[PDB]
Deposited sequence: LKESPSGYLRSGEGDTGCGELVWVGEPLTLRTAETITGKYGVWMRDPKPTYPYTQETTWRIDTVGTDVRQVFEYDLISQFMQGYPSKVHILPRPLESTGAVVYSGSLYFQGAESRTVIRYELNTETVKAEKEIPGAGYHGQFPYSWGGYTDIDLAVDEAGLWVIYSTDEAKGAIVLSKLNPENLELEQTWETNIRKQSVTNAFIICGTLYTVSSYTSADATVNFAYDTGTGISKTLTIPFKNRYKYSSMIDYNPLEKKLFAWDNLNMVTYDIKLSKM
């Protein structure tokens, strides 16, 4: 099976690159599931996120360049970025502005800010982080249906809220409220419209198509806790960052 389904298994972490400074103890790395010319499914981006003025986005045309640590281009964001929640989708980096609830769409090839929007009511900067902290209040996500944001609000009393985002202008299209305390999980990601969390196990699922939540006990092996765990719907794999290590996981879905 190569299409959508429920997550039933996660493999062992594979380390693709280890960061060589403590600035990269935590970070985000990713590929675009809907690559826009001139990028391809091999293009990789990396951001080392320790510090207070994070602006450099490393871009690698080839996986070989990413694995040897030699960027083909460095983008300098026009404003500082917060935490590890950013994603790339359809040619744009979507990231959170430092010390804000603002999500910014930055078109990578043209180096152009295309949109900026507050996520209504979202906590930020240490209000509803994932368990380990890192100011991980706001976590963007891509699945087979496009762009989402994972956050919480005072209205939700710290439970995970997720919203589908319009990728062009960042407007919220639809919002769901779960019963999972965001501060109680290590990270979260969306696969085939279901939110999954990692405690280690994949321990909760919330299906946006039905509104039904499930407890799970799928083993999740950490290379060494993850500061970032995202899903790539083109590869159908998890991408993670664990103590300097940029890691990927095979998964199995069952329809």
| item | value |
| --- | --- |
| Deposited-sequence stretches lacking C-alpha coordinates, listed in sequence order | 1-14, 214-219, 245, 277 |
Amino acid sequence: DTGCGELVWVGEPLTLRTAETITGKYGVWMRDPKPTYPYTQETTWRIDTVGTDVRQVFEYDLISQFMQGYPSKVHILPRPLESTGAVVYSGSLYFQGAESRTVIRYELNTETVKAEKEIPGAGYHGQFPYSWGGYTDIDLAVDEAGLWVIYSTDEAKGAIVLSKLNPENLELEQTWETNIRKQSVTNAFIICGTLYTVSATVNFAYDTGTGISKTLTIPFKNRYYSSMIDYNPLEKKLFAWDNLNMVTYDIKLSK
From here on, numbers count along this sequence of modelled residues.
property: Mean Cα B-factor comparison, 15-23 or 235-243, giving the higher one as deposited; result: 15-23
property: Stretch exceeding the other in mean C-alpha B-factor - 244-252, 4-12; result: 4-12
property: Peak C-alpha temperature factor (PDB record), options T44, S199, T49, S227; result: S199
property: From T194, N187, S213, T40, residue of greatest CA B-factor; result: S213
property: Cα B factor band for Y70 (lowest, middle or highest third within the chain); result: highest
property: CA B-factor ranking of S100, expressed as a third of its chain; result: middle
property: Within-chain third of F220 by Cα B-factor, per the entry; result: highest
property: Ranked C-alpha temperature factor of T178 among modelled chain residues, by third; result: middle
property: B-factor third for the C-alpha atom of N109 within its chain; result: highest
